Amino acid sequence: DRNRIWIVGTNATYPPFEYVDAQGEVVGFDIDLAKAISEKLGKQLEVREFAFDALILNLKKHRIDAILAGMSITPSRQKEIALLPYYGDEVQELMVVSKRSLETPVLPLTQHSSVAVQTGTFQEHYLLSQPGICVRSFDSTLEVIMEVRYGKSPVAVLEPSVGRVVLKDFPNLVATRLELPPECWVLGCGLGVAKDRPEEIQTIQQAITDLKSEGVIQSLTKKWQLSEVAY
Ligand SMILES: NC(=[NH2+])NCCC[C@H](N)C(=O)O
């Protein structure tokens, strides 16, 4: 045949957006969204995996065509690439996760031997910018959680959207809110596209809007337990 390929770069360590499930398959909200957008584009989807901190550079170098990796729209990133919003609202707080049996009070974070967090993320960067916080940085959300569940780190930091979904499975852990200062606020998730392609940006933009017109993204949010009036 004639098979026009569309390559989406991701980092499948990030449930419920992209992760490896009980069966060893790469699944999630961003993967279903990629499939739905690829149908609108008239293209066959190919998913490729990179380190989360290498997605932007690979996008810019044209090793991939788009990024779908639950990537927060931030001012810093918008200077480098185009981010087309598709899920979520402004983020003004992080979730601190601890065992319910934890004796020391969760806050302040400076008190603990270490705080576990996912690498390359805006929450890691926030933590690292604060004096007195000893940060341990991990590849995946599961690793971050397992570190707390087995007593190796007394606390972890997740984003509120991930925290709400994944802690449904860990009833012995509790969430505590940490407000961010306004300069550290970020927006929702963006589909990354190379910035100097005003054309390709318009077509994916249109694809996103069309799927929302059709109720498709809303149905995927419910499927992946992301539909979230709660903030
Ligand atoms: N697929 C991933 N590893 N995603 C990490 C995203 C974390 C956070 N939303 C950020 O944009 O920094």
# chains A, B, ... in the order shown; residues from 1 in each chain; ligands from 1
>>> closest_atom_pairs(of="range 120-204 of chain A", to="range 97-110 of chain A", cutoff="10 Å", atoms="only C-alpha atoms", output="tab-separated table")
residue	atom	partner	partner_atom	distance
A:127	CA	A:109	CA	9.1
A:130	CA	A:110	CA	8.8
A:131	CA	A:110	CA	7.7
A:132	CA	A:110	CA	5.0
A:133	CA	A:110	CA	4.8
A:134	CA	A:110	CA	7.4
A:135	CA	A:109	CA	9.9
A:144	CA	A:97	CA	9.7
A:145	CA	A:97	CA	8.1
A:148	CA	A:98	CA	6.5
A:149	CA	A:99	CA	6.8
A:150	CA	A:99	CA	9.4
A:151	CA	A:99	CA	8.5
A:153	CA	A:98	CA	8.8
A:154	CA	A:98	CA	6.2
A:155	CA	A:98	CA	4.7
A:156	CA	A:97	CA	5.1
A:157	CA	A:97	CA	6.1
A:158	CA	A:97	CA	7.4
A:163	CA	A:97	CA	8.2
A:167	CA	A:97	CA	8.8
A:170	CA	A:99	CA	9.5
A:171	CA	A:100	CA	8.9
A:172	CA	A:100	CA	5.8
A:173	CA	A:99	CA	4.4
A:174	CA	A:98	CA	5.6
A:175	CA	A:97	CA	4.8
A:176	CA	A:97	CA	6.5
A:177	CA	A:97	CA	9.0
A:178	CA	A:107	CA	8.5
>>> write_last_selection(atoms="N, CA, C and O atoms", output="short mmCIF file (atom, residue, chain, number, x, y, z; two decimals), in the first residue's frame")
data_model
loop_
_atom_site.label_atom_id
_atom_site.label_comp_id
_atom_site.auth_asym_id
_atom_site.auth_seq_id
_atom_site.Cartn_x
_atom_site.Cartn_y
_atom_site.Cartn_z
N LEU A 127 10.43 21.37 43.10
CA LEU A 127 11.04 20.85 44.32
C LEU A 127 12.51 21.23 44.44
O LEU A 127 12.96 21.76 45.48
N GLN A 130 13.55 24.64 45.68
CA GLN A 130 13.25 24.98 47.07
C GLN A 130 14.41 24.52 47.97
O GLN A 130 14.84 23.37 47.89
N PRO A 131 14.89 25.41 48.84
CA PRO A 131 16.01 25.02 49.70
C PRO A 131 15.57 24.01 50.72
O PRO A 131 14.40 24.00 51.14
N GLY A 132 16.47 23.11 51.07
CA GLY A 132 16.19 22.13 52.10
C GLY A 132 15.43 20.89 51.68
O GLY A 132 15.22 20.01 52.50
N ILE A 133 15.00 20.81 50.44
CA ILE A 133 14.27 19.62 49.98
C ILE A 133 15.27 18.66 49.32
O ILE A 133 15.90 19.02 48.34
N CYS A 134 15.39 17.45 49.88
CA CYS A 134 16.21 16.36 49.30
C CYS A 134 15.35 15.52 48.34
O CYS A 134 14.48 14.81 48.75
N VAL A 135 15.61 15.66 47.06
CA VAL A 135 14.76 15.11 46.03
C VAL A 135 15.37 13.81 45.47
O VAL A 135 16.55 13.78 45.10
N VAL A 144 7.72 5.92 41.87
CA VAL A 144 7.51 7.00 42.86
C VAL A 144 6.58 6.54 44.00
O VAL A 144 6.87 6.72 45.20
N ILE A 145 5.50 5.91 43.62
CA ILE A 145 4.55 5.41 44.59
C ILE A 145 5.10 4.22 45.38
O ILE A 145 4.91 4.12 46.60
N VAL A 148 7.28 5.12 48.41
CA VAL A 148 6.56 5.49 49.61
C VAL A 148 5.88 4.25 50.27
O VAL A 148 5.93 4.07 51.47
N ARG A 149 5.24 3.42 49.47
CA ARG A 149 4.51 2.27 49.98
C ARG A 149 5.43 1.30 50.74
O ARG A 149 5.02 0.69 51.73
N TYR A 150 6.68 1.19 50.32
CA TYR A 150 7.60 0.33 51.03
C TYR A 150 8.57 0.99 52.00
O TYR A 150 9.52 0.37 52.44
N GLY A 151 8.28 2.24 52.38
CA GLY A 151 9.00 2.93 53.44
C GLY A 151 10.37 3.46 53.08
O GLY A 151 11.12 3.89 53.98
N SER A 153 11.03 6.22 51.00
CA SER A 153 10.87 7.69 51.08
C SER A 153 9.60 7.91 51.89
O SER A 153 8.58 7.23 51.66
N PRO A 154 9.62 8.85 52.85
CA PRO A 154 8.39 9.02 53.62
C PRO A 154 7.27 9.72 52.84
O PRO A 154 6.08 9.57 53.17
N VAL A 155 7.63 10.51 51.82
CA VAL A 155 6.63 11.20 50.98
C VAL A 155 7.01 11.20 49.49
O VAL A 155 8.16 11.02 49.13
N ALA A 156 6.03 11.44 48.64
CA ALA A 156 6.25 11.66 47.21
C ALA A 156 5.41 12.87 46.76
O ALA A 156 4.51 13.29 47.48
N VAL A 157 5.68 13.39 45.56
CA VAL A 157 4.95 14.48 45.00
C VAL A 157 4.45 14.06 43.65
O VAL A 157 5.24 13.60 42.80
N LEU A 158 3.13 14.19 43.47
CA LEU A 158 2.46 13.95 42.21
C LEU A 158 1.67 15.19 41.84
O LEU A 158 1.35 16.08 42.70
N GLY A 163 -2.45 12.05 40.70
CA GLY A 163 -2.68 11.67 42.07
C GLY A 163 -4.09 11.17 42.32
O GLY A 163 -4.28 10.15 42.94
N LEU A 167 -4.16 7.07 43.14
CA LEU A 167 -4.33 6.76 44.55
C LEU A 167 -5.62 6.01 44.88
O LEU A 167 -5.76 5.51 45.99
N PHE A 170 -4.37 2.75 45.91
CA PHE A 170 -3.48 2.67 47.05
C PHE A 170 -4.15 3.28 48.31
O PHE A 170 -3.77 4.34 48.79
N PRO A 171 -5.14 2.57 48.87
CA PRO A 171 -5.95 3.17 49.95
C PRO A 171 -5.22 3.45 51.26
O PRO A 171 -5.71 4.21 52.09
N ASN A 172 -4.08 2.83 51.49
CA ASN A 172 -3.27 3.20 52.65
C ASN A 172 -2.45 4.50 52.53
O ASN A 172 -1.79 4.88 53.50
N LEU A 173 -2.50 5.15 51.36
CA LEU A 173 -1.75 6.39 51.15
C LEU A 173 -2.77 7.51 51.24
O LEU A 173 -3.94 7.28 50.99
N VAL A 174 -2.30 8.69 51.64
CA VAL A 174 -3.15 9.88 51.74
C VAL A 174 -2.52 11.02 50.99
O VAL A 174 -1.34 11.07 50.93
N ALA A 175 -3.34 11.93 50.49
CA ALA A 175 -2.92 13.12 49.74
C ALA A 175 -2.98 14.34 50.60
O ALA A 175 -3.96 14.51 51.34
N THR A 176 -1.96 15.19 50.48
CA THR A 176 -2.01 16.52 51.08
C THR A 176 -1.61 17.63 50.09
O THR A 176 -0.65 17.50 49.33
N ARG A 177 -2.44 18.67 50.02
CA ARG A 177 -2.21 19.73 49.06
C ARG A 177 -1.05 20.63 49.44
O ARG A 177 -0.86 20.97 50.62
N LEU A 178 -0.24 20.97 48.44
CA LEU A 178 0.84 21.96 48.54
C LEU A 178 0.57 23.02 47.47
O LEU A 178 0.66 22.72 46.26
#
>>> residues_near_ligand(ligand="ligand 1", cutoff="7 Å", atoms="only C-alpha atoms and all ligand atoms", output="list in words")
residues 10, 11, 12, 13, 14, 18, 52, 69, 70, 71, 72, 73, 120, 121, 122, 123, 140 and 189 of chain A
>>> write_last_selection(atoms="C-alpha atoms", output="JSON list (two decimals), in the first residue's frame")
[["chain", "number", "residue", "atom", "x", "y", "z"],
["A", 10, "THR", "CA", 5.82, 9.68, 24.31],
["A", 11, "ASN", "CA", 7.25, 8.41, 27.60],
["A", 12, "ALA", "CA", 5.04, 5.55, 28.73],
["A", 13, "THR", "CA", 5.62, 5.81, 32.50],
["A", 14, "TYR", "CA", 2.67, 8.06, 33.21],
["A", 18, "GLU", "CA", 0.49, 6.47, 28.71],
["A", 52, "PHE", "CA", 10.59, 12.57, 28.87],
["A", 69, "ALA", "CA", 3.04, 12.65, 26.87],
["A", 70, "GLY", "CA", 0.71, 14.46, 29.34],
["A", 71, "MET", "CA", 2.95, 17.46, 28.84],
["A", 72, "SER", "CA", 2.01, 20.59, 30.77],
["A", 73, "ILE", "CA", 1.82, 23.85, 28.89],
["A", 120, "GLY", "CA", 12.13, 15.71, 33.99],
["A", 121, "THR", "CA", 8.82, 17.05, 35.17],
["A", 122, "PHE", "CA", 7.76, 20.54, 36.20],
["A", 123, "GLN", "CA", 7.06, 19.24, 39.72],
["A", 140, "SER", "CA", 7.93, 6.37, 36.47],
["A", 189, "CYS", "CA", -1.79, 19.20, 28.63]]
>>> atom_distance(atom1="CA of residue 91 in chain A", atom2="CA of residue 74 in chain A")
10.4 Å
>>> select_by_dssp(residues="range 79-198 of chain A", states="strand (DSSP E)", output="ChimeraX atom specification")
/A:82-87,93-99,115-118,135-138,155-158,173-179,189-193
>>> write_last_selection(atoms="N, CA, C and O atoms", output="compact mmCIF listing (two decimals), in the first residue's frame")
# COMPACT_ATOMS: atom_id res chain seq x y z
N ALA A 82 5.34 24.40 19.79
CA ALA A 82 3.91 24.71 19.84
C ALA A 82 3.26 23.63 20.71
O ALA A 82 3.55 22.43 20.56
N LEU A 83 2.39 24.03 21.62
CA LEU A 83 1.64 23.11 22.43
C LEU A 83 0.18 23.40 22.25
O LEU A 83 -0.28 24.47 22.61
N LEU A 84 -0.56 22.44 21.69
CA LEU A 84 -1.98 22.61 21.41
C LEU A 84 -2.79 21.98 22.56
O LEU A 84 -2.76 20.74 22.76
N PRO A 85 -3.54 22.81 23.31
CA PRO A 85 -4.21 22.20 24.54
C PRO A 85 -5.27 21.19 24.18
O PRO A 85 -6.04 21.36 23.17
N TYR A 86 -5.35 20.12 24.96
CA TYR A 86 -6.41 19.15 24.74
C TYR A 86 -7.04 18.57 25.99
O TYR A 86 -8.02 17.85 25.87
N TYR A 87 -6.43 18.78 27.16
CA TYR A 87 -6.99 18.31 28.39
C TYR A 87 -6.51 19.15 29.57
O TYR A 87 -5.31 19.50 29.70
N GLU A 93 -1.52 23.79 42.36
CA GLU A 93 -1.13 22.98 43.53
C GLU A 93 -0.57 21.61 43.12
O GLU A 93 -0.82 21.15 41.98
N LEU A 94 0.21 21.00 44.02
CA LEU A 94 0.73 19.62 43.85
C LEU A 94 0.19 18.78 44.98
O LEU A 94 -0.25 19.30 46.02
N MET A 95 0.17 17.47 44.79
CA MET A 95 -0.26 16.58 45.82
C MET A 95 0.96 15.92 46.45
O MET A 95 1.78 15.29 45.76
N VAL A 96 1.08 16.04 47.78
CA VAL A 96 2.05 15.26 48.52
C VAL A 96 1.40 13.95 48.99
O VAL A 96 0.29 13.96 49.56
N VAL A 97 2.09 12.83 48.80
CA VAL A 97 1.55 11.50 49.09
C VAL A 97 2.38 10.89 50.21
O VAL A 97 3.58 10.99 50.16
N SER A 98 1.73 10.31 51.22
CA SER A 98 2.38 9.68 52.35
C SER A 98 1.57 8.46 52.81
O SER A 98 0.40 8.36 52.52
N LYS A 99 2.19 7.55 53.53
CA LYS A 99 1.36 6.55 54.24
C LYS A 99 0.51 7.26 55.31
O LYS A 99 0.95 8.22 55.93
N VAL A 115 12.17 13.26 49.29
CA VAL A 115 10.87 13.40 48.60
C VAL A 115 11.06 12.79 47.24
O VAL A 115 11.90 13.25 46.46
N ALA A 116 10.26 11.78 46.94
CA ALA A 116 10.29 11.08 45.66
C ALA A 116 9.44 11.82 44.65
O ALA A 116 8.32 12.32 44.96
N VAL A 117 9.95 11.88 43.42
CA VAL A 117 9.23 12.61 42.37
C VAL A 117 9.66 12.05 41.00
O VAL A 117 10.71 11.46 40.87
N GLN A 118 8.81 12.18 40.01
CA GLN A 118 9.18 11.76 38.63
C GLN A 118 10.19 12.71 37.96
O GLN A 118 10.02 13.97 37.99
N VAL A 135 15.61 15.66 47.06
CA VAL A 135 14.76 15.11 46.03
C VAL A 135 15.37 13.81 45.47
O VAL A 135 16.55 13.78 45.10
N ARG A 136 14.57 12.75 45.43
CA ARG A 136 14.91 11.53 44.71
C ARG A 136 13.98 11.40 43.50
O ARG A 136 12.80 11.32 43.66
N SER A 137 14.55 11.29 42.30
CA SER A 137 13.87 11.40 41.00
C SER A 137 13.89 10.08 40.29
O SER A 137 14.95 9.41 40.14
N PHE A 138 12.73 9.70 39.80
CA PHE A 138 12.49 8.33 39.34
C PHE A 138 11.96 8.39 37.93
O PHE A 138 11.40 9.43 37.51
N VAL A 155 7.63 10.51 51.82
CA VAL A 155 6.63 11.20 50.98
C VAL A 155 7.01 11.20 49.49
O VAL A 155 8.16 11.02 49.13
N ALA A 156 6.03 11.44 48.64
CA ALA A 156 6.25 11.66 47.21
C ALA A 156 5.41 12.87 46.76
O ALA A 156 4.51 13.29 47.48
N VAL A 157 5.68 13.39 45.56
CA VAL A 157 4.95 14.48 45.00
C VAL A 157 4.45 14.06 43.65
O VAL A 157 5.24 13.60 42.80
N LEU A 158 3.13 14.19 43.47
CA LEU A 158 2.46 13.95 42.21
C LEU A 158 1.67 15.19 41.84
O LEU A 158 1.35 16.08 42.70
N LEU A 173 -2.50 5.15 51.36
CA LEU A 173 -1.75 6.39 51.15
C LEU A 173 -2.77 7.51 51.24
O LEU A 173 -3.94 7.28 50.99
N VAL A 174 -2.30 8.69 51.64
CA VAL A 174 -3.15 9.88 51.74
C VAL A 174 -2.52 11.02 50.99
O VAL A 174 -1.34 11.07 50.93
N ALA A 175 -3.34 11.93 50.49
CA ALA A 175 -2.92 13.12 49.74
C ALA A 175 -2.98 14.34 50.60
O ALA A 175 -3.96 14.51 51.34
N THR A 176 -1.96 15.19 50.48
CA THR A 176 -2.01 16.52 51.08
C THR A 176 -1.61 17.63 50.09
O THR A 176 -0.65 17.50 49.33
N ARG A 177 -2.44 18.67 50.02
CA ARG A 177 -2.21 19.73 49.06
C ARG A 177 -1.05 20.63 49.44
O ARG A 177 -0.86 20.97 50.62
N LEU A 178 -0.24 20.97 48.44
CA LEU A 178 0.84 21.96 48.54
C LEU A 178 0.57 23.02 47.47
O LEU A 178 0.66 22.72 46.26
N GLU A 179 0.31 24.25 47.90
CA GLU A 179 0.02 25.28 46.94
C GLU A 179 1.28 25.65 46.29
O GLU A 179 2.32 25.66 46.91
N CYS A 189 -2.59 19.99 29.58
CA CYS A 189 -1.79 19.20 28.63
C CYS A 189 -1.90 19.75 27.20
O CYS A 189 -3.00 20.08 26.74
N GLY A 190 -0.76 19.70 26.51
CA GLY A 190 -0.58 20.17 25.16
C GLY A 190 0.04 19.08 24.31
O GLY A 190 0.88 18.28 24.81
N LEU A 191 -0.44 19.00 23.06
CA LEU A 191 0.15 18.13 22.03
C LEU A 191 1.24 18.95 21.38
O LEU A 191 0.97 20.02 20.82
N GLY A 192 2.47 18.51 21.51
CA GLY A 192 3.60 19.25 20.99
C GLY A 192 3.75 19.13 19.46
O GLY A 192 3.68 18.05 18.92
N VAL A 193 4.01 20.25 18.79
CA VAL A 193 4.31 20.26 17.32
C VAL A 193 5.46 21.27 17.11
O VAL A 193 5.50 22.31 17.81
>>> closest_residue(among="A:160, A:215, A:198, A:24", to="residue 36 in chain A", atoms="only C-alpha atoms")
A:215
>>> residues_around(residues="residue 81 in chain A", least_positions_apart="5", cutoff="9 Å", atoms="only C-alpha atoms", output="list in words")
residues 56, 59, 60, 192, 193, 194, 195 and 196 of chain A
>>> write_last_selection(atoms="N, CA, C and O atoms", output="short mmCIF file (atom, residue, chain, number, x, y, z; two decimals), in the first residue's frame")
data_model
loop_
_atom_site.label_atom_id
_atom_site.label_comp_id
_atom_site.auth_asym_id
_atom_site.auth_seq_id
_atom_site.Cartn_x
_atom_site.Cartn_y
_atom_site.Cartn_z
N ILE A 56 11.15 17.14 23.59
CA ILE A 56 11.22 18.41 22.93
C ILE A 56 12.35 18.49 21.89
O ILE A 56 12.12 18.82 20.79
N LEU A 59 11.43 16.31 18.94
CA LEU A 59 10.45 17.04 18.16
C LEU A 59 11.10 18.11 17.28
O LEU A 59 10.82 18.21 16.10
N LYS A 60 11.96 18.92 17.87
CA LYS A 60 12.62 19.99 17.14
C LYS A 60 13.54 19.44 16.03
O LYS A 60 13.70 20.08 15.00
N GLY A 192 2.47 18.51 21.51
CA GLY A 192 3.60 19.25 20.99
C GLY A 192 3.75 19.13 19.46
O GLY A 192 3.68 18.05 18.92
N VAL A 193 4.01 20.25 18.79
CA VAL A 193 4.31 20.26 17.32
C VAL A 193 5.46 21.27 17.11
O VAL A 193 5.50 22.31 17.81
N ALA A 194 6.39 20.96 16.21
CA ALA A 194 7.47 21.92 15.90
C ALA A 194 6.89 23.30 15.55
O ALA A 194 5.95 23.43 14.77
N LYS A 195 7.46 24.30 16.17
CA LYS A 195 6.90 25.65 16.22
C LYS A 195 6.93 26.35 14.90
O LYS A 195 6.18 27.30 14.70
N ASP A 196 7.81 25.91 14.01
CA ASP A 196 7.99 26.67 12.77
C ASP A 196 7.20 26.01 11.64
O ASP A 196 7.54 26.15 10.48
#
>>> select_by_dssp(residues="range 60-226 of chain A", states="alpha helix (DSSP H)", output="short mmCIF file (atom, residue, chain, number, x, y, z; two decimals) with N, CA, C and O atoms, in the first residue's frame")
data_model
loop_
_atom_site.label_atom_id
_atom_site.label_comp_id
_atom_site.auth_asym_id
_atom_site.auth_seq_id
_atom_site.Cartn_x
_atom_site.Cartn_y
_atom_site.Cartn_z
N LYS A 60 11.96 18.92 17.87
CA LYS A 60 12.62 19.99 17.14
C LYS A 60 13.54 19.44 16.03
O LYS A 60 13.70 20.08 15.00
N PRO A 75 5.28 28.39 30.19
CA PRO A 75 5.84 29.49 29.37
C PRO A 75 7.14 29.13 28.72
O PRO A 75 7.35 29.42 27.57
N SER A 76 7.99 28.48 29.50
CA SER A 76 9.31 28.04 29.07
C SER A 76 9.29 27.09 27.85
O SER A 76 10.12 27.21 26.91
N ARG A 77 8.36 26.14 27.88
CA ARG A 77 8.20 25.16 26.80
C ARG A 77 7.59 25.79 25.52
O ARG A 77 7.91 25.42 24.39
N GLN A 78 6.67 26.73 25.72
CA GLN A 78 6.03 27.42 24.62
C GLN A 78 7.00 28.29 23.79
O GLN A 78 6.75 28.49 22.60
N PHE A 122 7.75 19.18 35.69
CA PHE A 122 7.76 20.54 36.20
C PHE A 122 7.68 20.45 37.72
O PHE A 122 8.22 21.28 38.39
N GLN A 123 7.08 19.39 38.25
CA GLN A 123 7.06 19.24 39.72
C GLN A 123 8.44 18.96 40.30
O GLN A 123 8.78 19.50 41.35
N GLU A 124 9.27 18.17 39.61
CA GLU A 124 10.66 17.97 40.06
C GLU A 124 11.41 19.27 40.09
O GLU A 124 12.16 19.58 41.04
N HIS A 125 11.23 20.06 39.04
CA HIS A 125 11.92 21.37 38.94
C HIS A 125 11.50 22.33 40.07
O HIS A 125 12.33 23.03 40.65
N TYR A 126 10.19 22.36 40.38
CA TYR A 126 9.70 23.10 41.54
C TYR A 126 10.42 22.67 42.82
O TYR A 126 10.95 23.51 43.53
N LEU A 127 10.43 21.37 43.10
CA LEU A 127 11.04 20.85 44.32
C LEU A 127 12.51 21.23 44.44
O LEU A 127 12.96 21.76 45.48
N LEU A 128 13.25 20.99 43.38
CA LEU A 128 14.68 21.28 43.30
C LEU A 128 14.97 22.77 43.49
O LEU A 128 16.08 23.13 43.87
N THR A 141 5.84 7.02 37.55
CA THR A 141 4.89 7.23 38.63
C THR A 141 4.75 6.02 39.53
O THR A 141 4.71 6.16 40.76
N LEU A 142 4.71 4.82 38.95
CA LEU A 142 4.70 3.61 39.77
C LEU A 142 5.91 3.47 40.68
O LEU A 142 5.78 3.16 41.88
N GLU A 143 7.08 3.77 40.15
CA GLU A 143 8.29 3.73 40.97
C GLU A 143 8.20 4.71 42.16
O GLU A 143 8.61 4.38 43.30
N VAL A 144 7.72 5.92 41.87
CA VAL A 144 7.51 7.00 42.86
C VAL A 144 6.58 6.54 44.00
O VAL A 144 6.87 6.72 45.20
N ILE A 145 5.50 5.91 43.62
CA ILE A 145 4.55 5.41 44.59
C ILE A 145 5.10 4.22 45.38
O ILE A 145 4.91 4.12 46.60
N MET A 146 5.80 3.33 44.70
CA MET A 146 6.30 2.14 45.39
C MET A 146 7.36 2.52 46.40
O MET A 146 7.53 1.86 47.40
N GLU A 147 8.06 3.61 46.14
CA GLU A 147 9.07 4.09 47.05
C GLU A 147 8.49 4.51 48.43
O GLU A 147 9.11 4.22 49.48
N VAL A 148 7.28 5.12 48.41
CA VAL A 148 6.56 5.49 49.61
C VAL A 148 5.88 4.25 50.27
O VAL A 148 5.93 4.07 51.47
N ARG A 149 5.24 3.42 49.47
CA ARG A 149 4.51 2.27 49.98
C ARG A 149 5.43 1.30 50.74
O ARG A 149 5.02 0.69 51.73
N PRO A 160 -1.94 16.80 40.84
CA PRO A 160 -3.29 16.51 41.34
C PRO A 160 -4.09 15.61 40.40
O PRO A 160 -4.80 14.73 40.89
N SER A 161 -3.93 15.75 39.09
CA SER A 161 -4.71 14.93 38.18
C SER A 161 -4.30 13.46 38.20
O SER A 161 -5.16 12.56 38.37
N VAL A 162 -2.99 13.20 38.12
CA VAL A 162 -2.46 11.85 38.29
C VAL A 162 -2.74 11.26 39.67
O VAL A 162 -3.16 10.09 39.81
N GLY A 163 -2.45 12.05 40.70
CA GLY A 163 -2.68 11.67 42.07
C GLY A 163 -4.09 11.17 42.32
O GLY A 163 -4.28 10.15 42.94
N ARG A 164 -5.08 11.89 41.81
CA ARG A 164 -6.47 11.47 41.99
C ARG A 164 -6.81 10.10 41.35
O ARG A 164 -7.54 9.30 41.95
N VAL A 165 -6.22 9.79 40.20
CA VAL A 165 -6.52 8.53 39.55
C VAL A 165 -5.74 7.39 40.21
O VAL A 165 -6.29 6.33 40.56
N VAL A 166 -4.45 7.61 40.42
CA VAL A 166 -3.62 6.49 40.81
C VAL A 166 -3.78 6.13 42.29
O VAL A 166 -3.59 4.97 42.65
N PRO A 198 3.59 26.47 10.90
CA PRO A 198 2.29 27.06 11.21
C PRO A 198 1.14 26.25 10.59
O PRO A 198 0.01 26.26 11.14
N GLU A 199 1.46 25.54 9.50
CA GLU A 199 0.50 24.66 8.78
C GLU A 199 0.09 23.43 9.51
O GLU A 199 -1.11 23.22 9.75
N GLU A 200 1.06 22.55 9.79
CA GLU A 200 0.76 21.31 10.53
C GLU A 200 0.04 21.61 11.85
O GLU A 200 -0.79 20.83 12.25
N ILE A 201 0.39 22.73 12.50
CA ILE A 201 -0.22 23.16 13.74
C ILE A 201 -1.74 23.37 13.53
O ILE A 201 -2.54 22.90 14.36
N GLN A 202 -2.12 23.99 12.40
CA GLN A 202 -3.51 24.30 12.09
C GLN A 202 -4.33 23.05 11.87
O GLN A 202 -5.44 22.94 12.35
N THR A 203 -3.77 22.08 11.18
CA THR A 203 -4.45 20.84 10.88
C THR A 203 -4.72 19.97 12.13
O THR A 203 -5.78 19.32 12.23
N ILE A 204 -3.76 19.95 13.08
CA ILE A 204 -3.93 19.14 14.29
C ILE A 204 -4.90 19.89 15.20
O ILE A 204 -5.73 19.28 15.84
N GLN A 205 -4.75 21.19 15.27
CA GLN A 205 -5.67 22.07 15.93
C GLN A 205 -7.10 21.78 15.52
O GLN A 205 -7.91 21.59 16.33
N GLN A 206 -7.34 21.75 14.22
CA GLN A 206 -8.62 21.40 13.65
C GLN A 206 -9.07 20.00 14.02
O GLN A 206 -10.19 19.81 14.34
N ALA A 207 -8.16 19.04 13.98
CA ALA A 207 -8.46 17.69 14.40
C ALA A 207 -8.94 17.60 15.87
O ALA A 207 -9.88 16.94 16.14
N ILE A 208 -8.26 18.29 16.73
CA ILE A 208 -8.59 18.34 18.19
C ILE A 208 -10.01 18.92 18.36
O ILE A 208 -10.86 18.31 19.02
N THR A 209 -10.26 20.09 17.73
CA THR A 209 -11.57 20.74 17.77
C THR A 209 -12.69 19.87 17.21
O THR A 209 -13.79 19.72 17.82
N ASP A 210 -12.41 19.19 16.10
CA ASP A 210 -13.40 18.29 15.56
C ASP A 210 -13.74 17.13 16.48
O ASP A 210 -14.90 16.77 16.64
N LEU A 211 -12.73 16.52 17.09
CA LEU A 211 -13.01 15.42 18.06
C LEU A 211 -13.76 15.96 19.27
O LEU A 211 -14.56 15.24 19.87
N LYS A 212 -13.49 17.19 19.67
CA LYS A 212 -14.27 17.72 20.79
C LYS A 212 -15.71 18.02 20.36
O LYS A 212 -16.62 17.74 21.12
N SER A 213 -15.91 18.60 19.17
CA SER A 213 -17.24 18.79 18.62
C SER A 213 -18.03 17.51 18.65
O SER A 213 -19.23 17.54 18.89
N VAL A 216 -15.76 13.03 21.29
CA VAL A 216 -14.81 11.92 21.41
C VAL A 216 -13.85 12.11 22.58
O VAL A 216 -13.59 11.15 23.34
N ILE A 217 -13.32 13.32 22.77
CA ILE A 217 -12.32 13.49 23.83
C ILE A 217 -12.99 13.32 25.20
O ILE A 217 -12.46 12.71 26.13
N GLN A 218 -14.22 13.80 25.29
CA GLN A 218 -14.99 13.70 26.54
C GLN A 218 -15.24 12.22 26.90
O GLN A 218 -15.08 11.78 28.05
N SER A 219 -15.53 11.41 25.90
CA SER A 219 -15.72 10.00 26.11
C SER A 219 -14.40 9.27 26.53
O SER A 219 -14.38 8.42 27.48
N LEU A 220 -13.29 9.67 25.94
CA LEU A 220 -11.96 9.19 26.38
C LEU A 220 -11.60 9.65 27.80
O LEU A 220 -11.05 8.88 28.57
N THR A 221 -11.93 10.88 28.19
CA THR A 221 -11.65 11.32 29.56
C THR A 221 -12.35 10.45 30.61
O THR A 221 -11.76 10.14 31.67
N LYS A 222 -13.59 10.06 30.32
CA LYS A 222 -14.37 9.19 31.18
C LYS A 222 -13.79 7.79 31.18
O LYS A 222 -13.59 7.17 32.23
N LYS A 223 -13.48 7.28 30.01
CA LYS A 223 -12.82 5.98 29.90
C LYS A 223 -11.59 5.87 30.78
O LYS A 223 -11.40 4.83 31.41
#
>>> closest_residue(among="A:139, A:30, A:183, A:50", to="residue 119 in chain A", atoms="only C-alpha atoms")
A:139
>>> residues_around(residues="residue 63 in chain A", least_positions_apart="4", cutoff="9 Å", atoms="only C-alpha atoms", output="PyMOL selection string")
chain A and resi 7+9+57-59
